[PDB]
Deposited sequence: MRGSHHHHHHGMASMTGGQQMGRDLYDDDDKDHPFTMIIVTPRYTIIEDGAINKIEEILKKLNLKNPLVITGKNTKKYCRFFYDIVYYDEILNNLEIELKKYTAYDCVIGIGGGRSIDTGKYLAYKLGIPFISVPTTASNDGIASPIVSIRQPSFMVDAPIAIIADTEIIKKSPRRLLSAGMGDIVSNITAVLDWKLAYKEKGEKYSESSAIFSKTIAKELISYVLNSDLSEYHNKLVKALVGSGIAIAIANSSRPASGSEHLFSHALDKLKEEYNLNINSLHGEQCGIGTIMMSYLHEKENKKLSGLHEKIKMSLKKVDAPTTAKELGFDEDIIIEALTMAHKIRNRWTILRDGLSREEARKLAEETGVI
């Protein structure tokens, strides 16, 4: 069984179409989940809750009256609403106020690792006028999440070839081509439609996940690396507000380089990815990202263990190989 969105809207002023969509879906009493910084975009009568409240106290019969959940804001607002909808057995509507990650339209819940699959949101309502004005850092981070499809798909193919893992060529090429087109737009344009093209790309990626019934087309080694970084932040109680997308971008730079070494046909791939990220002002080094080199290296060595998913990392990098990789790609 494949669950996809029913409705997808990407346009200026889309936020005003919430009610139209609810009506189309025969829904009447949403619970809105949002953030403190995004509450200003919530202009309607519906009940509103902040994702903090929910998160501190998951478990509930408190939510009995709602026939759906609307997640408005950033990745965490969305992710939290998605999870909540799942727990309540009701549809989820995704209303991103930025373009920072591919959770927007994905069936993936990433509240706490390990992440799991639920239903894709029933609707995606992406107001590009709001998104255009979101903090630049979040838009830049979104690029990180998109370029990662490239290594995710490379890693998927690899897992197919070397471990006979189940693979779909048509899903993979869809996911990959989304990334390719955005890279090529970023490298050849004035960027005046970047926010638009980025949100379309992120939504496309979520659909790819749904259709493949797997995060494989959107998540591979580069994501393992990012999760490792997250683990280490928590562990060492580091105070670094690096974004998910940013970490994935840097991850992709390095993992694309590993794939390049083994396959001369991909010559210049890692450079092109790095360039695309620089062009939109996403970080490409550990220093810009806020991390000491030892954390990057530790994250690399542990990345293959984060999940049971074969990638170009294979059975793992040594500290020495990790250091080399990170040096050669300019991450440190």
| Which deposited-sequence positions, grouped into ranges, are missing C-alpha coordinates? | 1-37, 97-98
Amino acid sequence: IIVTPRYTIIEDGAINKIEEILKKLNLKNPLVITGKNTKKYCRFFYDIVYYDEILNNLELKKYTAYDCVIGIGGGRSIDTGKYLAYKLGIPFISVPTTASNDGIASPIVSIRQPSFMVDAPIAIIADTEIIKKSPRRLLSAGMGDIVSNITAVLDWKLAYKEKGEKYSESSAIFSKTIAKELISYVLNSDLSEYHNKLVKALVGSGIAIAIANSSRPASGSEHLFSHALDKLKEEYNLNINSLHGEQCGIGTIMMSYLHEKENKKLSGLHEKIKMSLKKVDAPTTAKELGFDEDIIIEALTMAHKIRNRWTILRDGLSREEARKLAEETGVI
From here on, numbers count along this sequence of modelled residues.
| For the stretches 238-246 and 93-101, which has the higher mean C-alpha B-factor as given in the deposited record? | 238-246
| request: Could you settle it for me: does 262-270 or 296-304 have the higher average Cα B factor in the PDB entry? | output: 262-270
| query | Highest Cα B-factor in the PDB entry belongs to which of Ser77, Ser226, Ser110, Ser106? | reply | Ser110
| Member of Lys200, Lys82, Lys176, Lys163 with the greatest C-alpha B factor (per the PDB record) | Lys163
| message | Where does the C-alpha B-factor of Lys133 rank in its chain, lowest, middle or highest third? | response | middle
| Once the chain's modelled residues are ordered by C-alpha B factor and cut into thirds, is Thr151 in the lowest, middle or highest one? | lowest
| request: Quick one: classify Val280 as lowest, middle or highest third of the chain based on its Cα B-factor. | output: middle
| request: For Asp315, return the chain-relative third of its C-alpha B-factor as stated in the PDB record: lowest, middle or highest. | output: highest
| Among the chain's modelled residues, which third holds the C-alpha B-factor of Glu193? | highest
